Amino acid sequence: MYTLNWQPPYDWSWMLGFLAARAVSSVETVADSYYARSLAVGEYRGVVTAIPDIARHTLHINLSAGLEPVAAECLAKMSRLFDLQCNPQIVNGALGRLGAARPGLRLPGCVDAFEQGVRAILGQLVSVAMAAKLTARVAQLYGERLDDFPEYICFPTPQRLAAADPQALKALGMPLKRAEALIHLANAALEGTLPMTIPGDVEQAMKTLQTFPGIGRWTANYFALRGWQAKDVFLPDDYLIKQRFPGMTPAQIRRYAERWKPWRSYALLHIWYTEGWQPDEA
């Protein structure tokens, strides 16, 4: 129905694959030709279905009737998720070699900063698949089902999680500390203390974000990258990243990563997805 453009190239298989690995049961549905999920914008609810059209370098978006009143916001959330703004020529011509292998690489964003904040926290320590597992159990117990689409369920809202028993969340398979971190976040979201859109001084905001209980530098960085689509942040503390920069310390990986400014987020993504990458033999 609705239609948005993008600038070639765009590696849709890479993106869909990336979302699929983290997809949450009952919330999202990922296939090789499309993406679909529940979506809440205020008291408006429905299902969004994104269908890319390669030959035409366009993305078709369909909305169930309940989301029509806020169509444009849905579109906006979709374009942030898919990084439709990216000019690959600018980024690739900057990252050089590092990106030459997957020039269609895009930054997977989010459809809602609060959700991403919940995802990031639950992604602490565990495996990607284990976080999706955990996130799935949290959505199941605290999310709302769509009257029109029972197979689907909306991600738990800020109020619902703000009013959850720490013990209950703990029972889903996470420390008490993690559950407290989640509740705190829902409140920050209710009060407007969790920036929902990318802030002008990402560095400063990430510092404030770290004063949140349960949110360390990794979570704040990862949340900035995904939740805000901050394009120039690296994850020198990441598990896989330490495994790509053998024997290097956080401030080293960090100083190194500086050569990719101001597209460190994209460089980070390429490294994660470059099977045998290793720092330059310099």
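The first residue of the shown sequence is 1; numbering continues from there.
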property	result
37-45 versus 249-257 - which carries the larger mean C-alpha B factor in the record	249-257
Comparing 206-214 with 107-115, the one whose average Cα B-factor in the PDB entry is higher	206-214
Residue of maximum C-alpha B factor among 100, 161, 84, 196, per deposited coordinates	100
Member of 76, 121, 185, 146 with the greatest C-alpha B factor (per the PDB record)	146
Residue 88 CA temperature factor, ranked by third within the chain	middle
Chain-relative CA temperature factor third for residue 274	middle
Residue 170 - Cα temperature factor, lowest/middle/highest third of chain	highest
Within-chain third of residue 72 by Cα B-factor, per the entry	lowest
Third assignment of residue 58 from its chain's C-alpha B-factors	middle
